[PDB]
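# Chains, contacts and geometry: an overview
Each chain, written out:
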Amino acid sequence: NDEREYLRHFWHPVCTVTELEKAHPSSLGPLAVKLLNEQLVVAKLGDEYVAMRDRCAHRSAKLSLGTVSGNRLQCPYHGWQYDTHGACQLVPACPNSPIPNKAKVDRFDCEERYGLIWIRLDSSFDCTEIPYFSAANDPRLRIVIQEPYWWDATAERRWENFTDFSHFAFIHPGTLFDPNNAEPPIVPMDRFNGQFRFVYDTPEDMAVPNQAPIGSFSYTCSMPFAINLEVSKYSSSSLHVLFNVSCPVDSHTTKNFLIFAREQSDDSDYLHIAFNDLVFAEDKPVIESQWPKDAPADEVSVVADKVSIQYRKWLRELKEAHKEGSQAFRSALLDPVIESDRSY
Amino acid sequence: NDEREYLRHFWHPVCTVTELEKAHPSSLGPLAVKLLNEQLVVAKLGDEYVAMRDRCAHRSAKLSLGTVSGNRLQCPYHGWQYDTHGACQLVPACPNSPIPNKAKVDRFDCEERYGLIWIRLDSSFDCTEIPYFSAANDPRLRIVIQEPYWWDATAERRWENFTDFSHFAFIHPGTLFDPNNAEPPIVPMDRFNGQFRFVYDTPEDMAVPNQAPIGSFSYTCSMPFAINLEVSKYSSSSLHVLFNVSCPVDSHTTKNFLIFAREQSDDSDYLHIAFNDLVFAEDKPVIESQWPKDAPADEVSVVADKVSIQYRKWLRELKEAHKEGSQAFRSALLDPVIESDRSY
Amino acid sequence: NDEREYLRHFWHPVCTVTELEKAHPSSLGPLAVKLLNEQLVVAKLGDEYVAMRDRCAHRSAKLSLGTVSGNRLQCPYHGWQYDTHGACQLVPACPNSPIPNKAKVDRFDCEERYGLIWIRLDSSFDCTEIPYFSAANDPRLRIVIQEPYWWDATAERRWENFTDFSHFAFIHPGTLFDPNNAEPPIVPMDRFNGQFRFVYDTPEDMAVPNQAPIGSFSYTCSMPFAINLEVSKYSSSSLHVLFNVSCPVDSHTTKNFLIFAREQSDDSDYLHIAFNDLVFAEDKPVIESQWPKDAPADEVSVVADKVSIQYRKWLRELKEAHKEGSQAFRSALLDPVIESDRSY
Amino acid sequence: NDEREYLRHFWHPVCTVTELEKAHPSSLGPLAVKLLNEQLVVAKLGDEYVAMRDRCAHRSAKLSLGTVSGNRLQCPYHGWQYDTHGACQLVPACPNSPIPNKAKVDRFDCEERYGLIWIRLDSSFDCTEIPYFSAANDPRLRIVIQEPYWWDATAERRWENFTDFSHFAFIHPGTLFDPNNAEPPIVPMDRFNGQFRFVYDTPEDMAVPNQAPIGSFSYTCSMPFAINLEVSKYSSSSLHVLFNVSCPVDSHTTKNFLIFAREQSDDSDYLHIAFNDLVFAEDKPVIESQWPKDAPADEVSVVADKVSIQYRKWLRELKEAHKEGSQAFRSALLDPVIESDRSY
Amino acid sequence: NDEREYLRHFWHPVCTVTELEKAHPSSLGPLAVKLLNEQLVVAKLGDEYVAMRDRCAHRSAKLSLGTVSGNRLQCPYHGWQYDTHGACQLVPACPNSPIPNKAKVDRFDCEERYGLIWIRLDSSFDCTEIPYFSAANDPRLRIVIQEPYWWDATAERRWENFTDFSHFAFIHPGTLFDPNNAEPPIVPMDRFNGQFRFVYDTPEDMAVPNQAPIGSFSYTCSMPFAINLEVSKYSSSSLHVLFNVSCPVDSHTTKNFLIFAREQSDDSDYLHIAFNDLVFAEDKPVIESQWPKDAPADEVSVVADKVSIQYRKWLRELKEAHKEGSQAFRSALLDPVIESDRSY
Ligand SMILES: Cn1c(=O)c2c(ncn2C)n(C)c1=O
Ligand SMILES: Cn1c(=O)c2c(ncn2C)n(C)c1=O
Ligand SMILES: Cn1c(=O)c2c(ncn2C)n(C)c1=O
Ligand SMILES: Cn1c(=O)c2c(ncn2C)n(C)c1=O
Ligand SMILES: Cn1c(=O)c2c(ncn2C)n(C)c1=O
Ligand code: FES
Ligand code: FES
Ligand code: FES
Ligand code: FES
Ligand code: FES
Ligand SMILES: [Co+2]
Ligand SMILES: [Co+2]
Ligand SMILES: [Co+2]
Ligand SMILES: [Co+2]
Ligand SMILES: [Co+2]
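Residues numbered from 1 in each chain as written, not as in the entry; some residues may be left out. Chains lettered and ligands numbered in written order. Part of a larger assembly, values for the part shown. Heavy atoms only, no water.

- As stated in the entry header, the method of structure determination is X-ray crystallography and the reported resolution is 1.650 Å.

## Points about helix α2 (residues 155–162) of chain D
- Across the eight residues of α2(D), eight count as buried, placing the element largely inside the fold.
- Those residues of α2(D) not exposed but buried are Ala155(D), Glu156(D), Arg157(D), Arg158(D), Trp159(D), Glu160(D), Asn161(D) and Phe162(D). (Buried < 20%, exposed > 50% of the residue type's maximum accessible area, 1.4 Å probe, protein only. Helix = DSSP H or I, 4+ residues; strand = E, 2+ residues; numbered from the N terminus.)

## Section: the coordination of the cobalt ion (ligand 15)
Residue and element names in this part refer to chain E.
- Protein ligation of the cobalt ion (ligand 15) involves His 167 (NE2), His 172 (NE2), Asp 283 (OD) and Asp 283 (OD), the donor distances falling in the range 2.0 to 2.2 Å.
- For the cobalt ion (ligand 15), the four donor atoms in the first shell make angles of 60 to 158° at the metal, so the coordination geometry reads as irregular.
- Site description for the cobalt ion (ligand 15): donor spacing in sequence, H-x4-H-x110-D. Here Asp 283 lies in helix α4 (residues 269–289) and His 172 lies in the loop between α3 (168–171) and β13 (190–192), a separation of 111 residues in the sequence. Each member of the pair, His 172 as well as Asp 283, carries the same accessibility label: buried. (Donors = N, O, S within 2.8 Å, 3.2 Å for Na, K, Ca; no water. Tetrahedral: all angles 85-135°; square planar, octahedral: opposite > 155°, others 65-115°.)

## A closer look at the site of ligand 5
Residues and elements named next belong to chain E.
- In the vicinity of ligand 5, the contacting residues are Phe 162, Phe 168, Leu 176, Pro 213, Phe 217, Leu 229, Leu 242, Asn 276, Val 279 and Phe 280.
- Considered on its own, ligand 5 offers 330 Å² of accessible surface; in the complex 99% of this is hidden by protein.
- In terms of residue class, the shell around ligand 5 is made up of nine nonpolar, one polar and no charged. (Near = heavy atom within 4 Å. Areas by Shrake-Rupley, 256 points an atom, 1.4 Å probe, with all protein chains shown as cover. Nonpolar A, V, L, I, M, F, W, Y, C, P; charged D, E, K, R; others polar.)

## Focus: helix α6 (residues 326–334) of chain B
Residues and elements named next belong to chain B.
- For α6, the complete set of buried residues consists of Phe 329, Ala 332 and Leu 333. Buried positions in α6, seen along its axis, are confined to an arc of 95° and lie on one side of it.
- Buried positions along α6 lie against β13 (190–192) and α5 (306–324). (Arc of directions from axis to C-beta. Contact = heavy atoms within 4.5 Å.)

## A short note on the coordination of the cobalt ion (ligand 14)
All names here are of chain D.
- Protein-derived ligands of the cobalt ion (ligand 14) are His 167 (NE2), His 172 (NE2), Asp 283 (OD) and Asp 283 (OD), with the metal-ligand distances lying across 2.0 to 2.2 Å.
- In this structure, the cobalt ion (ligand 14) is surrounded by four donor atoms whose angles at the metal cover 60 to 158°, and the resulting shape is irregular.
- Donor residues binding the cobalt ion (ligand 14) come from one chain and are separated in sequence as H-x4-H-x110-D.
- For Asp 283, a relative accessible area of 3% corresponds to the buried category.

## A word on the relation of the copies chain C and chain A
- Superposing chain C onto chain A takes a rotation of 120° plus a shift of 0.2 Å along the axis, which leaves an RMSD of 0.3 Å. Considering both components of the superposition, the chain copies are consistent with a three-fold axis. It is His252(C) whose C-alpha, among those of chain C, lies nearest the rotation axis, at 14 Å. (Least-squares fit on C-alpha atoms.)

## Thoughts on the interface of chain B and chain C
- Across the boundary between the two partners, chain B contributes 29 residues, which contact 26 residues of chain C.
- Interface area, chain B with chain C, both sides summed: about 2200 Å², of which 57% is carbon and sulfur.
- Of all residues in chain B, the largest losses of buried area upon contact with chain C belong to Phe170(B), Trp291(B) and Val300(B), amounting jointly to 34% of the total for that side.
- Where chain B meets chain C, there are two salt bridges.
- For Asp298(B), the salt bridge identified is with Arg55(C), shortest N-O distance 3.0 Å.
- On the surface where chain B and chain C come into contact, there are 14 residue pairs in polar contact.
- Elements with a contribution of two residues or more to the side of chain B that touches chain C: α2 (155–162), α3 (168–171), α4 (269–289) and α5 of chain B.
- Taken together, the residues of the side of chain B that touches chain C sort by class into 14 nonpolar, seven polar and eight charged. (Buried area = accessible area lost by both parts, 1.4 Å probe. Salt bridge = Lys/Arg side-chain N within 4 Å of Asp/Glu carboxyl O. Polar contact = N/O pair within 3.5 Å; in protein donor to acceptor, adjacent residues only side chain to side chain.)

Here is the structure:
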């Protein structure tokens, strides 16, 4: 509904590069993806990742059932070929005739970063960037891109689940927190460069596995849905970074991505993947049970919900500012609001 | 919604006690149930059966995914603990802060009777009672509670199917009626104490199994959806009672309950259970086929439809009286209307 | 619904005679079918195929769960018996009482032809006929009725797929066309007696199987959805006829019928059936991908789309004429419009 | 085991012609079949149906995964081509070299008759013929070949089930016999030309469907597993022929064939197919329950079992005679033994 | 069993390191594997990969259902702890008593190499080594370990399929060879250091995909089941290495491993993985059809089968030498037999 239009102005991940390469035996795509209820197709056309509407201009077949040919995407039905700008450049049935002026499909800003493919549906405000991942190009850290995981929950509810200090004791007792560490601190939160920044020192000496990323937590949250969590672990005295971002596929579904990086990397990737998967399996049934899918005004917050409250407040401001136009939105997103004592 | 609001004032069964005990290994619940399209949770807190909306006040997680701890139902997400009145009495994240006054969920009338759990969503008219089961506390009779059975049919259509004299010869020829006995009598019907009361002396000497409850039929039907049928059986000269009641789960679904009692009880419970299941299997495809799900005004009645006609008329009066308020509803439900020669 | 009302005036196939005879052990039906989102029942009563709304006038049970009893269709619930005109002639519960005037269900035109059962929902314009199959009662030809095939695509899109000259090279390269023969001719198209008639000499010497019906193509397309394609095959110098017609089951679905006839018939029926199934398997994914299901005004045509363009034009004229009434519709359907040199 | 060797000398059906044509899109086969635990392949090579062992001489691949090429069967692995005599005639890898003398596979006598494909594994005694079907080439009769049906029972037990007069009342009460007609007559049985011949006049006026083939029964049973039953029906005064034969696939499995012919043929084939399928569904669970699969010496016969007793006696004689050689076997099979008063 | 005993003297791969790390959340195992019908367990104890019989000495529980605890493998039933030598070092029920001398399980050679785990069941001849992979520690090459693929075919038949020059034209026509290139050369074969070495210049200019490893083929085949194929590709003038090895799981099954390395590595791993999977899908049905599973003496060879013929000859020599003992086996395996012009 109208509520969601403002989200079209952000970059969202739609697939891993691995998913694109696996989709078709050519390794070039095409791959069908869905973002904010739009049916799109991604393909590697020459040196560029390209996103188009997954709908041929001729007779509305899905281009995602087609083939990459040179630097073009060829429709399966009558072979029309589309260039990187979504323009048809070949109509095989009519090689001599002029190509109709309207023989084109919409294309969208599309970039690879961190091993994911990102799409921005509306670029007209031109003030948003791909989220920040702190571990990129840090040679001290081994990076693992997990396979995406799908939840029957919204990106807003997923974000709040990831940053929620209060649930660890109840949803993750064997795994992330002691069940008796249920009272979290109230942390200062800064807005800077379109990111929420805040720091949380979790309890020490908790009976949790050594591969649990538990320690001093530094969050950099690129609004609206990306979370970069840098952990200085207590047990190993080493850096562990979690980068989690949700693709808002439609009104009730998320395709979620986790990339994690670690300084101590002589151990098995699957030690960590299995642990992450366990954490997600603990969250999933409870988060999918939340109803209605979008948080209504009747939910009852407590002081420990500060992160959730401030998140909802900023999202509300972004939605209102989007209605006022590009300049208002840019200010709402990028104006600093500092409440900690840190330098910037 | 509007057409069904009056049904919120009655007691409806939502599960058997056995279902509640089996739902969770604690034997205390919780169990998710649905009544009139409302999502509810049932649990046993101490000596009390409780029913609440299945939605935590904090972040809307389902309490039915939580845990009973003595006299509390604990939400699975952040561990809020609700007492028997639906009030949160512990917020683990803020154990010293005052609990918000809004931290409460709607609590509904919930009572065990006859081995079923009954819920009344609205008690404001204070004039409805749990349906009458004649065999309760008759020490002459052995009582068996069947597992519930789900039909893709409404409670009104199920009620009419149960009391329909004309269909026996076509739906139950091997089983309840001779295929020749298609013409039923037109019987007097009395309203008394919120019940329809009527008697039907079925045909004798029909080629049906001895466990068929066929004989003199005395109906006591607690409006809107319960039927107590006392059979003085021809074949065994002994009493057999069928108590059938439909939970209106939503606009197209019923969860149905059968409790039956018998005076001759030296035989197997499963002789009777299998017979009841055969009868229901004969009804099910035809009743599920009726469309639209609610009887529309264009259905064509004949004189043999008296029970159906009178039932529809009383339901319409109750709907209309509910709009006029508590006193009008009490009169529509509880005023006597006597057609027969009996006194009550 | 509103856009589709004009389609109710045509004869559409709903099942094969084989399907009707297999539906029930009596071989007389009843069989439930769906046409233009209407739920219907088909049965053979005496010598007549009948079609009625699949909904008893009494309590709305499905007559398709009932039984043919001589010259009657009997409802399963209370045994009301309907004659070939849809009128109830027996109410078993009240066999002496007058039958209500309202005890009737809607009866529709229903006729067997070519081994299919055809239904016309609206006969008020009295100007449509069952489509033309040229091989009927041609003793030189062996006729095979294939089993129906269901597609998640509309009847309009299926028709255009069948008559589309341009896609053969991309969808059927191994099978019907050389992949290099992508440029089709622009052929004259005649409207005559409610049929599109046109001829297409396909390319010779293509590397296609001997059982591929490739040759001189003569189309007689009974509007709106039936195609009679007479092929004078290059490879065998013999006649092969394809008759394809789509049942518009609802807004997203077709039940499609293929009947084929051949002059050289000493070979296996299954050589041809397997080839037809291969062609259909090649088309199915691409046609089911077209979205939205109904072609929007934004589709971009090229000159090679003449058949599709002219088809859409005639359908629009018929939809417009239907709003103006019976004589306007008759004119739009049956007036001749001749482009070619041929004489009719 | 050794018990079964004698069965290799008879013709057995292995598939319908329809199954062969459907197996491969060429309609020529190949089709894998199994007979007396031998893995065979059938193909149409030119004008001939050919059966070979399903095992290439080169590297033991299954020829049934190959292709018919001209009048040869081509192995899928390295393309060796086998002629109608099982001889390899092309080794693609070594076109100039002589083909090895041992490059051949066993072939077996293979013929089409009545729309089935028949194989005789051992032709060395040269005294057996394909079973007799009385309706072949009788233009008064419409013939229907049913799809094969598979049972977990032996061909001997299937034969005895088909000719058993005593079970109709218990396995087929609604369907073939009145439940009170349980006492059958003791009929004379003749051996003539390798066939058991006997006649049985079933009870009249039984409450069975009109499509039930009930009447005067004349059996011609080509030993060991084929039954030709000619029924002069009581209800319709018309001829109905049932031809049933079992393929002994292995020690515990049969692939069974039914062909039926009828003089009154204006009705639906599927009336009869559905009835036959119902009969088979009534027999199947009981016959599959018989254990051990081969009848042991401890079974207890009664006088009503005459047909079964005489069948087992003749099979025993054939098994013993096979051990004594070709002349003894020919006499055991073809010597007449007459006990009725009929002409031959 | 008897025929296969000699295979116990070689190193066979049983799982990838990835499979071991994924088996249990600890990433240390245990993992159940099967080799030559032996049930084994693999675990990482400290720095060592260990393999034991998967059967506790106490009450025969599977150790693969247990847990790694530091330098011990702990049985799930009564917690006996086994050291890297298969000796029990803790009996929790009797922690003071002497541990029985019989409280030990069989321990087998187990080593990681190339990302696979290798087991040698019998080390008594002390003359076999883990197979040679030429790309190991070649920094010019990117290495990809595929997931294992399981075939219902033996290791011998899989080896012959991989090195078979003749089948490419029939099994892989679109994919590896022109269908016309059916005649292979007869190449010299050298035995050196327990390897078969031979070179094959495949045909140039074939219509095969660019990612097809087609070019100059140099085989180094570590007996009995590992093949190292170095391809100097015609199409890219670059090195591509295929390392394929079969685990003989039991008498009918192989778990197969492919590792591939490539010099031009800027392209997608999944271009190559998809192509390898296509090749394997083309081979699988034909190789699984070969019967009996072990090649019998009756198979008929042609001159083009030189590689297969020489392979079977060497395997027979090794089986014969094994019966004569350690020094005979060492000689048969490691003595050089040079046919070519090359120098080693
Ligand atoms: C929210 N969240 C996670 O989701 C998570 C985690 N470690 C692993 N995961 C997967 N930590 C520490 C965490 O806070
Ligand atoms: C409606 N109804 C039943 O549903 C029924 C029954 N006996 C068993 N059942 C289950 N009888 C007598 C009956 O009238
Ligand atoms: C559209 N179409 C078909 O669908 C078809 C065909 N031959 C078989 N089929 C099934 N031909 C020639 C054809 O043009
Ligand atoms: C054994 N048998 C049948 O199996 C059968 C049948 N009619 C149909 N079937 C199928 N009859 C009359 C019969 O005797
Ligand atoms: C046997 N074989 C293969 O199995 C193969 C291959 N390339 C990929 N695969 C998988 N080549 C060239 C090959 O000869
Ligand atoms: S629908 Fe894409 S080319 Fe025609
Ligand atoms: S949602 Fe229930 S405690 Fe938070
Ligand atoms: S619903 Fe059809 S007879 Fe009653
Ligand atoms: S296995 Fe048949 S040709 Fe080689
Ligand atoms: S069976 Fe292993 S410790 Fe007992
Ligand atoms: Co969580
Ligand atoms: Co009923
Ligand atoms: Co097509
Ligand atoms: Co039988
Ligand atoms: Co191969």
